[PDB]
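Shown here is one chain on its own, the form deposited without its partner chain, set out as structure tokens.
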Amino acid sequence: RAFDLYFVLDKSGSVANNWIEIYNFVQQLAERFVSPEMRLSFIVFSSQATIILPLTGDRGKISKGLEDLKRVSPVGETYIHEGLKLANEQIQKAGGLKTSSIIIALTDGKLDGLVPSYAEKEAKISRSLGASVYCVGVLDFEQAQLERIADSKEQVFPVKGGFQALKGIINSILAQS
């Protein structure tokens, strides 16, 4: 069995100044961790969510997906629940409980209105489908909001300034989740 990693990436206006940090992290994880036995998908969200790269193990498609992420221009609202929903839909189509799926959400966790309730519910759906949910926090991120989305506080990592966050997340994923 081999991992399917779903990157769910915040392109809202709030994170716009750190889009390059988000992008670099995605590339680092894809290159350092996502082996030929693994697959990945790239999803972005603001007021709408989009699959930039559908789930694939093809390294050529992954490179083209990274090029596409380079061209993203963050602006707009933060409907993270719709990004999670597109990961869950692909997970369901791949076989739900029969897959080893990992969701990695890159966000500041700055959510309003009913969006926290929607996001927490969609992440509980992800766990029910057998996925482990991670959050990688951007800027002055909301620790507690990320902890209610990720499986646990041990699966929340800062994108910047943390001690060995990349190694830590790899180690976490490999230890099952």
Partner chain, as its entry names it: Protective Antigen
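Positions refer to the first chain, counted from 1. Whichever C-alpha set is largest while still superposing within 1.5 Å between the two forms counts as the rigid core.
Exercise. Looking at the entry, does 109-117 or 30-38 show the higher mean C-alpha B-factor?
Worked result: Averaged over C-alpha atoms, the B-factors run higher in 30-38.
Problem set entry | Residue range whose averaged C-alpha B-factor is higher in the record, 145-153 or 61-69 | According to the PDB entry, the answer is 145-153.
Exercise. Between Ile43, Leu129, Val138, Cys135, which carries the biggest CA temperature factor in the record?
Worked result: Comparing C-alpha B-factors across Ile43, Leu129, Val138, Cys135, the top value belongs to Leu129.
Problem set entry | For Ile173, the third of its chain into which the C-alpha B factor falls | Top third by C-alpha B-factor.
Exercise. Once the chain's modelled residues are ordered by C-alpha B factor and cut into thirds, is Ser14 in the lowest, middle or highest one?
Worked result: For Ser14, the deposited C-alpha B-factor lands in the lowest third.
Exercise. Which third of the chain does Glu77 land in by C-alpha B-factor: lowest, middle or highest?
Worked result: It belongs to the middle third of the chain when residues are ordered by C-alpha B-factor.
Problem set entry | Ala165 CA temperature factor, ranked by third within the chain | Ranked within chain, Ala165 CA B lands in the highest tercile.
For this session: Using the B-factors in the PDB entry, rank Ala2's C-alpha atom against the chain and give the third, lowest, middle or highest.
Result: Highest third of the chain for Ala2's C-alpha B-factor.
Keep in mind that the form deposited with its partner chain bound is not shown, yet the notes after this line are about it.
Exercise. So, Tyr23, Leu66 and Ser100: all three within 4.5 Å of its partner chain in the deposited bound form by heavy atoms, or not?
Worked result: No: none of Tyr23, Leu66 and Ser100 comes within 4.5 Å of its partner chain in the deposited bound form.
For this session: Could you confirm whether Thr78 comes within 4.5 Å of its partner chain in the deposited bound form, counting heavy atoms only?
Result: Taking the distances in the deposited bound form, the answer for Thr78 is yes, it comes within 4.5 Å of its partner chain.
Exercise. Going by a heavy atom distance of 4.5 Å, is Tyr118 a contact of its partner chain in the deposited bound form?
Worked result: Result yes; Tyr118 sits at the interface with its partner chain in the deposited bound form.
Exercise. Wondering, does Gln155 line up within 4.5 Å of its partner chain in the deposited bound form on heavy atoms?
Worked result: No.
Exercise. Does at least one non-hydrogen atom of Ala144 fall within 4.5 angstroms of its partner chain in the deposited bound form?
Worked result: Output for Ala144 is no: heavy atoms all beyond 4.5 Å of its partner chain.
For this session: Specify the contacting stretch among 58-66, 43-51, 130-138, 145-153, defined as having any heavy atom within 4.5 Å of its partner chain in the deposited bound form.
Result: Only one stretch passes the 4.5 Å heavy-atom test: 43-51.
Exercise. In sequence order, which positions of 7-24 have a non-hydrogen atom within 4.5 Å of its partner chain in the deposited bound form?
Worked result: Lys11, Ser12, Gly13, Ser14, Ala16, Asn17, in sequence order.
Exercise. With both forms fit on the core, is the shift of the CA atom of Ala16 between this form and the one not shown 2 Å or larger?
Worked result: No; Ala16 is a residue whose C-alpha shifts by less than 2 Å between this form and the one not shown when the cores are overlaid.
Exercise. Does superposing the core leave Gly162 with a CA shift of 2 Å or more between this form and the one not shown?
Worked result: Comparing the forms between this form and the one not shown, which are aligned on their rigid core, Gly162 does shift its C-alpha by 2 Å or more.
For this session: Explain in one word, closer or farther, how the Cα atoms of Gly162 and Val44 are placed in the deposited bound form relative to this form, where the distance changes by 3 Å or more.
Result: Compared with the shown chain, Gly162-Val44 is closer in the deposited bound form.
For this session: Can you tell whether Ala165 sits closer to or farther from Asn18 in the deposited bound form than it does here, judged by CA atoms, where the change is 3 Å or more?
Result: Distance between the C-alphas of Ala165 and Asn18: longer in the deposited bound form, by 3 Å or more.
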